[PDB]
Amino acid sequence: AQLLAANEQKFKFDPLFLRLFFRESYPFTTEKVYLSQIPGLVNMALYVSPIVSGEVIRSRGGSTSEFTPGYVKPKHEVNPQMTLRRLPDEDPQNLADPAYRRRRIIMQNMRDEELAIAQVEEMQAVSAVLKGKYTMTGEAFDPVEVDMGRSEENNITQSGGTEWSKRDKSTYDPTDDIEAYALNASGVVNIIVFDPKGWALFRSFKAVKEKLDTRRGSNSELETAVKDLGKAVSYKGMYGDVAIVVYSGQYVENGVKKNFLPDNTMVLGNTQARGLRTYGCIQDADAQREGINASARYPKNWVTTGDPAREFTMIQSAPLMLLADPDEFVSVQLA
Amino acid sequence: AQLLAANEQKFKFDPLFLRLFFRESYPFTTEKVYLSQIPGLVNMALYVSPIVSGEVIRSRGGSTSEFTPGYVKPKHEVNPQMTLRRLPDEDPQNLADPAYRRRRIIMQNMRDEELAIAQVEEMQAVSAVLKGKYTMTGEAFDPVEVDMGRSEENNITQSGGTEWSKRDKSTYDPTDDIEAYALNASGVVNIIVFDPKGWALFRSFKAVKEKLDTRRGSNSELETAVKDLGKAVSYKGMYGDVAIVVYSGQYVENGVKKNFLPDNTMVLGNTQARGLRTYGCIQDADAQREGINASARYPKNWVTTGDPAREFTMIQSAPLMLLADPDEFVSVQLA
Amino acid sequence: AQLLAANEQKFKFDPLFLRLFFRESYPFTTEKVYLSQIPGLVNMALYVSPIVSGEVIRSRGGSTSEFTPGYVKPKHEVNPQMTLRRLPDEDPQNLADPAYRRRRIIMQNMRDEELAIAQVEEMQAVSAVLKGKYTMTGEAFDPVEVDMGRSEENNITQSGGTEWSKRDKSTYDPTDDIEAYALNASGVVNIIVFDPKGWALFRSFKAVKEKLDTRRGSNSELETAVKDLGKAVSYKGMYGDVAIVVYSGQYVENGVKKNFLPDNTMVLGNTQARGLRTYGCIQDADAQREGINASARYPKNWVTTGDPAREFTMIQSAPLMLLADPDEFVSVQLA
């Protein structure tokens, strides 16, 4: 089989959430995850006279710790009936060699599952900032609930007497409403990312556009982060001191697509809300022998025999996407 | 005759339609086309338990996976009496020798036939993604039809009820219509290709003019693709968020030049579609003898005798320009 | 461990359907079964002009493709414990060597497995020609439907209108019904395979008994199949231009006998009806490293470790028994 060092991927394709909210990463050296091992936040100074030594500061963080991550693991065959994509300006002379073809196929595969893996921690963050509840289920999985510690005002839906859909589309000003939503944000609101169908309702108000600064160039760094995701994310403009993003990326189930966000929903938060990227041990006998129990991803290649007589490529990880302050975002289910 | 090494062109002049959507290519090592060998689409990661168990991900090609390549041969003769094109910086002195005469006329031929066949792949590609229907006809060839699988919702016709011509050119704003036609796109649209006639009635609205971006163009490296083949391809700027482009491509019929697209017909879709460039095998003795049947093009030359005591040059190809998801585009039948 | 040279079967138990309808066999090299690659039939040649360029035969036509094979892999074990089944007329002194008895028991083990896979293909074939539609399902092998394309009038039921039980066994004659069901046969019918208990009532009509001919010897070679499976094949005699046989074949379920023909069934068809014996790929990496992907059967023997410290025996296959023309038979459901 192939050596473990064959990990030539070097691609950063985090779908709009791992690349903006969960910059920090904390792998774990133990199977389960203990939340109480995060570094945490620090107090003021403990002002003291310069004659006596003071007390030592210790940061612990949170109370509940005993969580357990999901353990997805994609596995794939490399049956050399694979019709290789014709790389431009590649000589067909190398196409004769079975070894080059096999290496090409396994490298294509590695990309295949690396696109297959990103989605799970993607909707992990989606569920994180949608309600702050996280249920993980599945066959042969022992479903687990995760409570992030959210309040109920972070999930207010516009469902009263007056809604954005059943009022004036010309004279109403959505601002007063957006600050009414963002007042209980535990911080400055900075991202008002939209679901496109919901944005269709939002933009219907003209009062948006006479104040919508949709100048090219969000802030000169947001586009430096979002152009790579040219298929799923789009940037509208400035609503003054804040940015507007429309995201319609889709996760595909066994046979059909599905959008990550609920249709008529929007969320409020900030670009600097720190989010944890905790991972778990890789319970591979080989991994313990190579001291890589603490990592994010793990490739493997091996040749089985007898019943499934083939050779396979293997990935496994433990994503338990977390956010430091669940209440830093408020979710409005539009109506 | 000249050998197979006489393939020194290495020029990429595909007019805007093999470059924006079908960037990849899949030659086949079989006479027919099987979607089973197509990698297809990635799937979920399937939350599962630890090492206790594990199951293989298997990617299907759907139900229909049989197709007939569009195999075709242009033929030319090398009659050493044809008048040579007066290229610049071309010395007649090193042209008097028949050796240069022949090697230049054969090459000028070579070019004009890949130009014709390239027109052909573009024609079949636009036929496929203009409505989702697609057909394969030709004299001395059995008629063939291919269904891309386009949904009925992505073939909207403007003529029904509410056209664009009989509205007020000063107040009727087409942002509402473009958004209502882009909602059912199965993906955020960013390329808004127009036709030379249809663009006029669209742009006629004054509300369009002010919001239009024209400052040098600020989309992407697409400008590099546009300025190369700028003859039939025109670029205006940004619709606020998306690219506005007018295509005026032409193809040579029996004796008449005809536009690539019907006049009042618009295409809407993404800048990163997944488009297939499948090819059949090269059904001839020699290519099989060097085993290069899996390729886009095949040049070859000989001198045939007896009844046609003359020399001939062939190009063989077999395209079936194909699209994974027909529903990531919508066809607006304007009027 | 024994190699692939352990192929010593030479046993023909093709049960009355492989000799009579399924004469020709063809395994592919691609995973799916495409009918568009059958050799097809050949018609009468043409009287070509003496000295002229001729025509090349092109024997294709009829796609009807894209059917998936019925993969089956029954396992067995070679624990050298059981007393051998004493082979008639074999040298017994060499039984002292345990290596010989191992090489004998592996053969005996392959014998039962090939009997079982013949059982698989036989209830596949009978299920093929009784209604057309063929459903194959099982654990770890998802349900699969294969539709032959039989018209609704190929499965006439005697219960429709007048049954045969409420008929005089001393005055009524079944002839008119015979030609009535024989007209929509897409060919002459000369086989009337019966279910013996539903055929006793067929004999119950007096006219059948004397109208049946009992001259020793069939039309041409019908006894050839009869003399092989004498315990379950019987040839009753002649009915003018149609030959009467009764099949009483049975197969093992997990531990029990089941009959092949449902009680009240008659089938009418032609001796020369074309039925393919298609076979699928062998999904075994060893096959590709020996390039034996195109085969009907595949031996395999290896040694398992850790939990099941045993040695296994394997024959993997995937029959997809097929009819060129589903309307080539009439299955009258008696009543």
# chains A, B, ... in the order shown; residues from 1 in each chain; ligands from 1
$ residues_around --residues "residue B:241" --least-positions-apart "6" --cutoff "12 Å" --atoms "only C-alpha atoms" --output "PyMOL selection string"
(chain A and resi 213-218+233-237+244-246) or (chain B and resi 175+179+188-192+211-213+217-220)
$ calpha_fit_rmsd --fixed "chain A" --moving "chain C"
2.0 Å
$ interface_residues --of "chain C" --to "chain A" --cutoff "9 Å" --atoms "only C-alpha atoms" --output "ChimeraX atom specification"
/C:30,73,283-286,288,300-304,312,314
$ select_by_dssp --residues "stretch 105-215 of chain A" --states "strand (DSSP E or B)" --output "list in words"
residues 133, 134, 135, 136, 144, 145, 146, 147, 157, 191, 194 and 213 of chain A
$ select_by_dssp --residues "stretch 18-245 of chain A" --states "alpha helix (DSSP H)" --output "VMD selection string"
chain A and resid 98 to 131 174 to 182 196 to 202 206 to 209 222 to 226
$ residues_around --residues "stretch 82-91 of chain C" --least-positions-apart "2" --cutoff "9 Å" --atoms "only C-alpha atoms" --output "NGL selection string"
:C and (79-80 or 93-95 or 101 or 104-105 or 108)
$ write_last_selection --atoms "C-alpha atoms" --output "compact mmCIF listing (two decimals), in the first residue's frame"
# COMPACT_ATOMS: atom_id res chain seq x y z
CA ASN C 79 -12.13 -28.22 8.80
CA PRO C 80 -10.47 -31.64 8.24
CA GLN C 93 -4.72 -46.77 0.09
CA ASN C 94 -3.65 -43.15 -0.46
CA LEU C 95 -6.24 -41.99 2.09
CA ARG C 101 -7.87 -35.86 2.05
CA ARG C 104 -10.34 -34.22 -1.71
CA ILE C 105 -12.52 -32.36 0.79
CA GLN C 108 -16.22 -32.05 -2.37
$ residues_around --residues "stretch 252-263 of chain C" --least-positions-apart "6" --cutoff "7 Å" --atoms "only C-alpha atoms" --output "list in words"
residues 195, 197 and 198 of chain C
$ write_last_selection --atoms "N, CA and C atoms" --output "CSV table (one decimal), in the first residue's frame"
chain,number,residue,atom,x,y,z
C,195,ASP,N,-47.1,-28.6,-14.6
C,195,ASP,CA,-46.9,-28.9,-13.2
C,195,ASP,C,-47.7,-30.2,-13.0
C,197,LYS,N,-49.3,-32.0,-10.8
C,197,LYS,CA,-50.6,-32.0,-10.1
C,197,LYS,C,-51.6,-31.2,-10.8
C,198,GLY,N,-51.2,-30.1,-11.5
C,198,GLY,CA,-52.1,-29.3,-12.3
C,198,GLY,C,-52.2,-29.9,-13.7
$ residues_around --residues "stretch 318-329 of chain C" --least-positions-apart "6" --cutoff "7 Å" --atoms "only C-alpha atoms" --output "list in words"
residues 69, 70, 71, 72, 121, 124, 125, 132, 148, 149, 150, 151, 154, 185, 186, 187, 267, 268, 269, 273, 274, 275, 276, 277, 278, 279 and 280 of chain C
$ write_last_selection --atoms "C-alpha atoms" --output "CSV table (one decimal), in the first residue's frame"
chain,number,residue,atom,x,y,z
C,69,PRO,CA,-26.0,-8.7,-12.2
C,70,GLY,CA,-27.1,-10.8,-9.3
C,71,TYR,CA,-23.9,-11.2,-7.4
C,72,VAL,CA,-23.7,-14.3,-5.1
C,121,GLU,CA,-29.3,-19.7,-11.8
C,124,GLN,CA,-33.5,-17.3,-11.7
C,125,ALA,CA,-34.3,-18.8,-15.1
C,132,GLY,CA,-41.1,-11.7,-17.1
C,148,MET,CA,-38.0,-8.3,-19.2
C,149,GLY,CA,-40.7,-6.4,-21.1
C,150,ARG,CA,-43.4,-9.1,-21.3
C,151,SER,CA,-46.8,-7.8,-22.5
C,154,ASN,CA,-48.2,-13.2,-22.0
C,185,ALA,CA,-46.7,-16.2,-28.8
C,186,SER,CA,-44.4,-14.3,-31.2
C,187,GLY,CA,-43.5,-17.6,-32.7
C,267,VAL,CA,-45.9,-22.5,-20.5
C,268,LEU,CA,-45.8,-22.4,-24.3
C,269,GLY,CA,-42.6,-21.6,-26.2
C,273,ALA,CA,-36.0,-19.5,-28.3
C,274,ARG,CA,-32.9,-17.3,-27.6
C,275,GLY,CA,-32.1,-16.9,-24.0
C,276,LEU,CA,-28.8,-15.4,-22.8
C,277,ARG,CA,-26.7,-16.8,-20.0
C,278,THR,CA,-25.1,-13.5,-19.2
C,279,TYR,CA,-22.6,-13.2,-16.3
C,280,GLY,CA,-21.4,-10.2,-14.4
$ atom_distance --atom1 "atom CA of residue A:96" --atom2 "atom CA of residue B:7"
20.5 Å
